[PDB]
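Before any questions on how it binds or moves, here is one chain, the form deposited in one PDB entry, in structure tokens.
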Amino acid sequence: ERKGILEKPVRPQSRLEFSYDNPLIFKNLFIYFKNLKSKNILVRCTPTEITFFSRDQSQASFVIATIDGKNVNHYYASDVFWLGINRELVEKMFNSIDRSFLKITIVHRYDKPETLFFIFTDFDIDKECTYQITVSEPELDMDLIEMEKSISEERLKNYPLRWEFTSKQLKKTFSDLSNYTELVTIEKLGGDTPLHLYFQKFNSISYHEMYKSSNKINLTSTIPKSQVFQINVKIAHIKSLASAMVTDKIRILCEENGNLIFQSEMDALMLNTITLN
């Protein structure tokens, strides 16, 4: 029963009220955050949506996960405000989410500024589990926040090479890669040509992955026919995304400075990763 964004909150002290009947997305998101070794999660609440921001440990991957108010069962926020969340503190809580829980509710109150409430309801036995999590008023990492604008559809012209993987294909490819390498070359000749993923280790092993049919992986290219697009990229952050299997299918966009953007949409959740090279 989804009602979207509300004009006024149920409880009068609520600066934020959030409810949603697919709490498993929070588990997967936070498994992703754990795989990235994020220490702290930056949370922006606005009247239209809530956004989770984080870097990975190496600071080179930027993650922006957005849940649109209009797509959940219940949403309310008084204004724009920020919360900082210790990821390790909430790790076991998000992992405890399972199928006995059909609802997740999130509440932040004016009279309790350092507290974030998480309520999970079990409907078979009228059980209600309430977490009270200590949160902070976060110093803002502006570079991370501004990255959100630098993944707008508008700005993605300098990305001549795109394609789509299911989460199983992505996991397979990059787990296979990380068995033997930390870096992989992405190479694609202009024109109707195959996509190459490969690396070479001298006097041991080389590996080469080739995609012969572009339409089977929804590849699109604006590489000039006579040019070769070739970048070298670090793959650990990709395996992290892949393994967390947050969402069904994943769009991959490449640019010639070797930046990678992964986009993934699961229901109310919009997930963006940009990783610099």
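Residues that one form lacks are left out of the comparison. Each form is matched to the other, and the largest set of C-alpha atoms that superpose within 1.5 Å is called the rigid core. One-based numbering along the sequence shown.
One more form of this protein should be noted, the form deposited in another entry, which is absent from this view; the next part is about it.
Among 27, 44, 234, 55, which is the residue that shifts its C-alpha 2 Å or more between this form and the one not shown, core superposed? The one that shifts is 234.
Tell me whether residue 126 is among the residues that move between this form and the one not shown (Cα shift of 2 angstroms or more, core superposed). Not so; residue 126 is displaced by less than 2 Å.
Look at residue 64 and decide if its Cα position differs by 2 Å or more between this form and the one not shown after superposing on the rigid core. After core superposition, the C-alpha of residue 64 moves less than 2 Å between this form and the one not shown.
Compare the position of the CA of residue 93 between this form and the one not shown after a rigid core fit and state whether the shift reaches 2 Å. Shift of 2 Å or more: no.
Look at the CA atoms of residue 29 and residue 235: state whether they lie closer or farther apart in the other entry than in this form, given a difference of 3 Å or more. It is farther: the C-alpha separation of residue 29 and residue 235 rises by at least 3 Å in the other entry.
Having a change of 3 Å or more in the C-alpha distance between residue 25 and residue 236, I'd like to know whether it is closer or farther in the other entry than in the form here. Here the pair is closer than in the other entry; there, farther apart.
As a test: superpose on the rigid core, then list the runs of at least 3 residues whose Cα atoms all move 2 angstroms or more between this form and the one not shown. Flagged stretches (3+ res, CA at least 2 Å): 146 to 162, 166 to 176, 179 to 187, 191 to 215, 219 to 249, 254 to 260.
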